[PDB]
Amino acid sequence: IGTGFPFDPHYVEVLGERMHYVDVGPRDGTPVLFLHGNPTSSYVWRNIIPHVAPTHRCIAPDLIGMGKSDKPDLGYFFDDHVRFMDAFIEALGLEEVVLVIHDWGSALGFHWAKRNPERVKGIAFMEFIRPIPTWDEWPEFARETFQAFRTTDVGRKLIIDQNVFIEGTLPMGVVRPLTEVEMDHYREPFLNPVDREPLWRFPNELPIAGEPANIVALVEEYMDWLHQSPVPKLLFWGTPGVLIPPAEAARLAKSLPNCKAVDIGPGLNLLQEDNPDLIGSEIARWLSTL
(Lines of atoms letter the chains of each structure in order from A and count residues from 1; the text may use other names and numbers.)
(Lines give C-alpha, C1' and ligand atoms only; values in the text may rest on other atoms or scores of the structure.)
Protein backbone atom coordinates (compact mmCIF):
# COMPACT_ATOMS: atom_id res chain seq x y z
CA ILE A 1 0.00 0.00 0.00
CA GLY A 2 1.50 3.31 -1.16
CA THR A 3 2.58 5.88 1.44
CA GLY A 4 3.45 8.72 -0.97
CA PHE A 5 1.23 11.55 -2.18
CA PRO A 6 2.20 12.16 -5.83
CA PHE A 7 -0.47 14.75 -6.67
CA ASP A 8 0.27 18.35 -7.69
CA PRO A 9 -1.46 21.08 -5.68
CA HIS A 10 -4.53 22.84 -7.03
CA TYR A 11 -6.12 25.79 -5.22
CA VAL A 12 -9.32 27.81 -5.55
CA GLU A 13 -10.73 30.79 -3.64
CA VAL A 14 -13.85 29.85 -1.64
CA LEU A 15 -15.73 32.34 0.57
CA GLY A 16 -12.53 34.40 0.91
CA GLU A 17 -10.31 31.41 1.82
CA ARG A 18 -8.01 29.13 -0.17
CA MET A 19 -8.95 25.43 -0.47
CA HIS A 20 -6.55 22.74 -1.70
CA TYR A 21 -7.70 19.84 -3.87
CA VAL A 22 -6.38 16.95 -5.94
CA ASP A 23 -7.48 17.23 -9.57
CA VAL A 24 -6.44 14.57 -12.10
CA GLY A 25 -7.88 12.74 -15.11
CA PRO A 26 -9.77 13.73 -18.29
CA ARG A 27 -12.14 16.74 -18.37
CA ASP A 28 -14.45 15.31 -21.08
CA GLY A 29 -16.89 13.39 -18.86
CA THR A 30 -18.50 13.21 -15.42
CA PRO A 31 -16.17 14.12 -12.53
CA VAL A 32 -15.89 12.02 -9.36
CA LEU A 33 -15.88 14.07 -6.13
CA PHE A 34 -14.07 12.48 -3.15
CA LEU A 35 -14.94 13.83 0.33
CA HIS A 36 -12.87 12.86 3.38
CA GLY A 37 -13.73 13.31 7.07
CA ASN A 38 -12.14 13.58 10.51
CA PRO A 39 -9.12 13.59 11.01
CA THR A 40 -8.04 12.85 7.46
CA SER A 41 -7.49 14.71 4.18
CA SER A 42 -7.36 13.94 0.44
CA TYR A 43 -4.45 11.71 1.52
CA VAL A 44 -7.06 9.09 2.51
CA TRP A 45 -8.01 8.70 -1.21
CA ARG A 46 -4.39 8.51 -2.50
CA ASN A 47 -4.53 4.76 -3.29
CA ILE A 48 -8.12 4.85 -4.62
CA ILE A 49 -7.92 7.78 -7.09
CA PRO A 50 -5.30 6.09 -9.36
CA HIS A 51 -7.84 3.33 -10.16
CA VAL A 52 -10.47 5.88 -11.30
CA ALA A 53 -8.28 8.65 -12.81
CA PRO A 54 -7.50 6.84 -16.09
CA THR A 55 -11.16 7.16 -17.24
CA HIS A 56 -12.79 9.83 -15.00
CA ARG A 57 -11.85 13.21 -13.53
CA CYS A 58 -11.08 12.83 -9.82
CA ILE A 59 -11.58 15.81 -7.52
CA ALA A 60 -10.55 15.43 -3.86
CA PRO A 61 -10.68 18.62 -1.75
CA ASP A 62 -9.27 19.20 1.71
CA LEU A 63 -12.08 20.50 3.96
CA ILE A 64 -11.52 24.02 5.29
CA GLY A 65 -9.11 23.97 8.25
CA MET A 66 -7.69 20.58 7.24
CA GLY A 67 -5.04 19.13 4.91
CA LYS A 68 -3.31 21.89 2.94
CA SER A 69 -6.38 24.18 2.90
CA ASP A 70 -6.36 27.46 4.85
CA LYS A 71 -7.05 27.45 8.59
CA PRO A 72 -9.05 30.55 9.61
CA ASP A 73 -10.02 31.16 13.24
CA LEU A 74 -13.51 29.62 13.06
CA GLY A 75 -15.67 27.31 15.19
CA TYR A 76 -15.67 24.71 12.39
CA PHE A 77 -19.25 23.56 13.01
CA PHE A 78 -20.91 21.30 10.42
CA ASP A 79 -22.74 24.25 8.83
CA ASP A 80 -19.37 25.99 8.35
CA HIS A 81 -18.09 23.02 6.31
CA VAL A 82 -21.40 22.81 4.39
CA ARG A 83 -20.96 26.45 3.36
CA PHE A 84 -17.33 26.09 2.21
CA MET A 85 -18.02 22.84 0.32
CA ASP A 86 -21.07 24.41 -1.37
CA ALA A 87 -18.95 27.30 -2.63
CA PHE A 88 -16.08 24.94 -3.56
CA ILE A 89 -18.39 22.89 -5.80
CA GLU A 90 -19.70 26.08 -7.46
CA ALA A 91 -16.19 27.58 -7.77
CA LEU A 92 -15.10 24.55 -9.83
CA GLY A 93 -18.20 24.99 -12.03
CA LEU A 94 -19.34 21.41 -11.51
CA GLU A 95 -22.71 20.45 -12.98
CA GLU A 96 -23.26 16.69 -12.54
CA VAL A 97 -21.03 14.64 -10.21
CA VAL A 98 -20.51 11.18 -8.77
CA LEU A 99 -19.90 11.29 -5.01
CA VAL A 100 -17.34 9.14 -3.15
CA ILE A 101 -17.74 9.93 0.55
CA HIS A 102 -16.56 8.84 4.01
CA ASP A 103 -17.18 9.79 7.66
CA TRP A 104 -17.96 13.55 7.93
CA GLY A 105 -17.49 13.74 4.15
CA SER A 106 -20.58 11.51 3.86
CA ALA A 107 -22.62 13.99 5.91
CA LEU A 108 -21.54 16.76 3.50
CA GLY A 109 -22.07 14.57 0.42
CA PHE A 110 -25.52 13.29 1.39
CA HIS A 111 -26.67 16.75 2.57
CA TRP A 112 -25.56 18.16 -0.81
CA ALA A 113 -27.16 15.33 -2.81
CA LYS A 114 -30.45 15.88 -0.95
CA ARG A 115 -30.52 19.57 -1.95
CA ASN A 116 -29.15 18.92 -5.47
CA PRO A 117 -30.61 15.52 -6.49
CA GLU A 118 -30.61 16.17 -10.26
CA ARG A 119 -26.83 16.81 -10.17
CA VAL A 120 -25.88 13.44 -8.57
CA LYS A 121 -25.48 10.48 -10.95
CA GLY A 122 -23.99 8.16 -8.29
CA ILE A 123 -22.98 7.84 -4.63
CA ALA A 124 -20.26 5.51 -3.37
CA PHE A 125 -20.14 5.57 0.44
CA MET A 126 -18.44 3.86 3.38
CA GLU A 127 -18.36 4.20 7.18
CA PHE A 128 -20.77 7.13 7.04
CA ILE A 129 -22.52 9.36 9.58
CA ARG A 130 -25.87 8.17 10.96
CA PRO A 131 -27.76 8.87 14.22
CA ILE A 132 -26.49 6.84 17.20
CA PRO A 133 -29.38 6.08 19.65
CA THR A 134 -27.38 5.43 22.86
CA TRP A 135 -24.00 5.51 24.62
CA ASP A 136 -24.45 2.07 26.24
CA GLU A 137 -23.90 0.26 22.91
CA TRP A 138 -20.37 1.74 22.66
CA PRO A 139 -17.38 -0.40 23.68
CA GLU A 140 -16.16 0.31 27.23
CA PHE A 141 -13.20 2.61 26.56
CA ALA A 142 -14.53 4.11 23.30
CA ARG A 143 -17.52 5.30 25.35
CA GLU A 144 -15.22 6.83 28.00
CA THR A 145 -12.96 8.41 25.35
CA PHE A 146 -15.66 10.11 23.24
CA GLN A 147 -17.67 11.32 26.25
CA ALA A 148 -14.39 12.92 27.36
CA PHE A 149 -13.84 14.35 23.86
CA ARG A 150 -17.32 15.91 24.09
CA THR A 151 -16.20 18.30 26.88
CA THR A 152 -14.33 21.63 26.94
CA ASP A 153 -11.95 20.81 29.84
CA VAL A 154 -10.70 17.27 29.22
CA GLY A 155 -11.60 16.93 25.53
CA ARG A 156 -9.55 20.00 24.60
CA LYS A 157 -6.51 18.90 26.65
CA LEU A 158 -6.78 15.50 24.93
CA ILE A 159 -7.38 16.63 21.32
CA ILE A 160 -5.86 20.15 21.21
CA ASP A 161 -2.91 19.97 23.63
CA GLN A 162 -1.99 16.25 23.48
CA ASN A 163 -3.21 15.60 19.90
CA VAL A 164 -4.70 12.18 20.77
CA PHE A 165 -7.20 12.20 17.87
CA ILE A 166 -4.26 12.12 15.44
CA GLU A 167 -1.83 10.14 17.62
CA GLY A 168 -4.37 7.58 18.93
CA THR A 169 -7.90 7.70 17.51
CA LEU A 170 -6.76 7.82 13.85
CA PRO A 171 -4.52 4.69 13.77
CA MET A 172 -7.01 2.83 16.00
CA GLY A 173 -9.45 3.16 13.06
CA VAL A 174 -7.18 1.11 10.76
CA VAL A 175 -6.97 -2.70 11.10
CA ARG A 176 -3.44 -2.93 9.66
CA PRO A 177 -0.59 -1.07 11.40
CA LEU A 178 -0.31 2.45 9.93
CA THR A 179 3.36 3.27 9.24
CA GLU A 180 5.13 6.31 10.70
CA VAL A 181 5.43 7.78 7.19
CA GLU A 182 1.64 7.53 6.79
CA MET A 183 1.18 8.99 10.29
CA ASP A 184 3.52 11.88 9.38
CA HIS A 185 1.35 12.64 6.31
CA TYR A 186 -1.70 12.75 8.62
CA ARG A 187 0.22 14.75 11.29
CA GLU A 188 1.31 17.51 8.85
CA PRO A 189 -1.76 19.80 9.01
CA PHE A 190 -1.90 19.85 12.82
CA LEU A 191 1.69 20.42 14.01
CA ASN A 192 0.60 23.73 15.59
CA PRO A 193 -1.89 23.10 18.47
CA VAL A 194 -4.01 26.15 17.47
CA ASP A 195 -4.77 24.49 14.10
CA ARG A 196 -6.39 21.45 15.81
CA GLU A 197 -9.82 23.09 16.29
CA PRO A 198 -11.68 21.01 13.65
CA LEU A 199 -10.33 17.80 15.23
CA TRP A 200 -12.10 18.64 18.51
CA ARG A 201 -15.31 20.15 17.06
CA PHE A 202 -16.17 17.16 14.83
CA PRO A 203 -16.59 14.62 17.67
CA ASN A 204 -18.76 17.21 19.49
CA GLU A 205 -20.96 17.41 16.35
CA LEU A 206 -21.49 13.62 16.15
CA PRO A 207 -25.21 12.79 16.54
CA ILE A 208 -25.08 10.62 19.69
CA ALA A 209 -28.15 10.12 21.91
CA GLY A 210 -30.06 13.06 20.39
CA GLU A 211 -27.30 15.63 20.99
CA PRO A 212 -26.79 17.86 19.08
CA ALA A 213 -30.43 17.91 17.89
CA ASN A 214 -29.72 20.11 14.84
CA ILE A 215 -27.16 17.60 13.51
CA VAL A 216 -29.44 14.64 14.33
CA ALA A 217 -32.34 16.26 12.44
CA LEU A 218 -30.08 17.17 9.50
CA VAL A 219 -28.71 13.61 9.35
CA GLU A 220 -32.21 12.11 9.72
CA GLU A 221 -33.35 14.25 6.76
CA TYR A 222 -30.73 13.02 4.24
CA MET A 223 -31.19 9.38 5.31
CA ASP A 224 -34.92 9.66 4.48
CA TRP A 225 -33.99 11.13 1.08
CA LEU A 226 -31.51 8.29 0.46
CA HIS A 227 -34.12 5.58 1.18
CA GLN A 228 -36.45 7.33 -1.30
CA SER A 229 -33.77 8.24 -3.88
CA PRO A 230 -33.38 5.93 -6.92
CA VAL A 231 -29.79 7.16 -7.51
CA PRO A 232 -27.25 4.32 -8.02
CA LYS A 233 -25.35 3.36 -4.85
CA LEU A 234 -22.17 1.51 -3.85
CA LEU A 235 -21.76 0.70 -0.14
CA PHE A 236 -18.33 -0.49 1.02
CA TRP A 237 -18.25 -2.12 4.46
CA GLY A 238 -15.85 -4.06 6.70
CA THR A 239 -15.78 -6.31 9.76
CA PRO A 240 -16.32 -5.28 12.54
CA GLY A 241 -16.66 -1.70 11.25
CA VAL A 242 -17.13 1.30 13.55
CA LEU A 243 -19.94 3.66 12.48
CA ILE A 244 -21.48 0.92 10.30
CA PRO A 245 -21.33 -2.68 11.61
CA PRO A 246 -21.73 -5.66 9.19
CA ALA A 247 -25.41 -6.27 10.07
CA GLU A 248 -26.32 -2.62 9.39
CA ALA A 249 -24.49 -2.75 6.04
CA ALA A 250 -26.40 -5.85 4.87
CA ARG A 251 -29.66 -4.23 6.02
CA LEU A 252 -29.10 -1.03 4.01
CA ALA A 253 -27.87 -3.05 1.01
CA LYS A 254 -31.37 -4.54 0.65
CA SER A 255 -33.30 -1.49 1.91
CA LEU A 256 -31.68 1.24 -0.21
CA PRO A 257 -32.85 1.35 -3.86
CA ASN A 258 -30.26 0.46 -6.52
CA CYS A 259 -27.46 -0.36 -4.07
CA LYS A 260 -24.62 -2.87 -4.54
CA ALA A 261 -22.70 -3.81 -1.38
CA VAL A 262 -18.99 -4.72 -1.30
CA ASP A 263 -17.18 -6.51 1.54
CA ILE A 264 -13.64 -5.15 1.91
CA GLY A 265 -12.71 -7.81 4.49
CA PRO A 266 -11.34 -6.76 7.89
CA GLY A 267 -11.97 -3.06 8.53
CA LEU A 268 -12.85 -0.44 11.14
CA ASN A 269 -13.36 3.21 10.02
CA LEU A 270 -10.66 4.04 7.43
CA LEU A 271 -11.58 1.24 4.98
CA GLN A 272 -9.50 3.08 2.36
CA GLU A 273 -6.37 2.16 4.36
CA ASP A 274 -7.21 -1.56 4.70
CA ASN A 275 -8.27 -2.38 1.11
CA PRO A 276 -7.66 0.54 -1.31
CA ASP A 277 -7.31 -1.72 -4.37
CA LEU A 278 -10.76 -3.31 -3.97
CA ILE A 279 -12.49 0.01 -3.25
CA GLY A 280 -10.60 1.66 -6.13
CA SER A 281 -11.13 -1.16 -8.63
CA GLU A 282 -14.83 -1.62 -7.78
CA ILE A 283 -15.60 2.11 -8.03
CA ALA A 284 -14.02 2.09 -11.52
CA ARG A 285 -16.05 -0.97 -12.59
CA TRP A 286 -19.18 0.54 -11.00
CA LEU A 287 -18.59 3.81 -12.90
CA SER A 288 -18.30 2.00 -16.26
CA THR A 289 -21.80 0.54 -15.73
CA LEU A 290 -23.35 3.97 -15.02
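Residue numbers run from 1 along the displayed sequence.
Legend: mean Cα B-factor per stretch from the PDB entry, 53-61 versus 232-240; the higher mean is in 232-240. For the segment pair 141-149 and 200-208, the entry gives 141-149 the higher mean B-factor, averaged over Cα atoms. The top Cα temperature factor in the record, among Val100, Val164, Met85, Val219, falls on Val219. Of the candidates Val262, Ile48, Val32, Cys259, it is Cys259 whose Cα B-factor is highest according to the PDB record. Looking at the C-alpha B-factors along this chain, the one for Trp104 belongs to the lowest third. When the CA B factors of the chain's modelled residues are split into thirds, the value for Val174 lands in the lowest one. The entry lists a Cα temperature factor for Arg27 that places it in the middle third of the chain's modelled residues. Compared with the other modelled residues of the chain, the Cα B-factor recorded for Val154 ranks in the highest third. For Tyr186, the recorded CA B-factor ranks within the lowest third of the chain. Only modelled residues enter the ranking.
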